[PDB]
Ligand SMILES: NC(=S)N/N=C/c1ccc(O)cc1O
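Shown here is one chain on its own, the form solved without this ligand, set out as structure tokens.
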């Protein structure tokens, strides 16, 4: 029998049927399933089991693969894998999606988004899982996302919360956003964001509107105008409270629709390819135009410098 924490460095161990896996190894999982209360079977010899990082070597390996120090991570990860592996991951419109189960609509929408933006995860667990998931095997990636976000299967989620959590574990250091807020009493004031903060915004969905200028409260009492001075990033995420919004073809990359409230709701994913495709888990519907309660819109960027002198 073998044990590991990353499924990359494996360790050979001893087969003894009298003691539960929990008494010999500690908490043990086989392909997600909690076998801690189980004693070893004759058919298990040679398989790979996961265990918690109790050995100092396993601590190091788990940190290098998952980029977290949380001891419970693996536990949570494995618990999530017990469900994500049962889900169906149909190909829909050239992307990997999830047939609806366990309120996963936010997860399916985040999954489709991740497959359409240029992102480079730093943790190897995530890089490996990402490439597997882009090809259709997305159980591990979804379990890892649930784990990194401290969400459980069935638990309610926000697509923006998920994307932001994950961006933290991505190489966005080269990203840069220069803004300029212009109040008529306070004057002009410029700011520069780098990293994760440069690729997200909250307040408006329209990126063209962010470039033209958006009204925001100022402390003096007036409304100030914030406009985008410079964007250096592979993508940009714009969020806003759900509202009826008209997605025009060729003007965005993809978008999150949300119907419902803080208690109960359902997420749909819209993407602009050669026309507007609406991916509701395993369901797909095409349309030339789309109007819906949008809350996230994702745009592609390379380098932008404002024309406002």
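Numbering follows the first chain given and starts at 1.
One more form of this protein should be noted, the form solved in complex with this ligand, which is absent from this view; the next part is about it.
Engineer: Identify whether this ligand in the entry with it bound is within 4.5 Å of every residue in the set 85, 87 and 89, based on non-hydrogen atoms.
Structural biologist: No.
Engineer: Would you kindly say which of 210, 235, 73, 130 lies with a heavy atom within 4.5 Å of this ligand in the entry with it bound?
Structural biologist: Answer to the contact question: 73.
Engineer: This ligand isn't shown here, but in the entry with it bound which of 48, 251, 68, 275 has a heavy atom within 4.5 Å of it?
Structural biologist: That would be 68.
Engineer: Are any of the heavy atoms in residue 62 no more than 4.5 Å from a heavy atom of this ligand in the entry with it bound?
Structural biologist: Looking in the entry with it bound, residue contacts with this ligand include residue 62, since a heavy atom lies within 4.5 Å.
Engineer: Residue-level contact is defined here as any heavy atom of the residue lying within 4.5 Å of this ligand in the entry with it bound; does residue 32 satisfy this criterion?
Structural biologist: Looking in the entry with it bound, residue contacts with this ligand do not include residue 32, since no heavy atom lies within 4.5 Å.
Engineer: So in the entry with it bound, is this ligand close enough to residue 40 to count as touching (4.5 Å, heavy atoms)?
Structural biologist: No, residue 40 sits far enough from this ligand in the entry with it bound that none of its heavy atoms falls within 4.5 Å.
Engineer: Which residues from 43-57 come close to this ligand in the entry with it bound, meaning a heavy atom within 4.5 Å?
Structural biologist: Going through 43-57 in order - heavy atoms within 4.5 Å of this ligand in the entry with it bound - there is one hit, 53.
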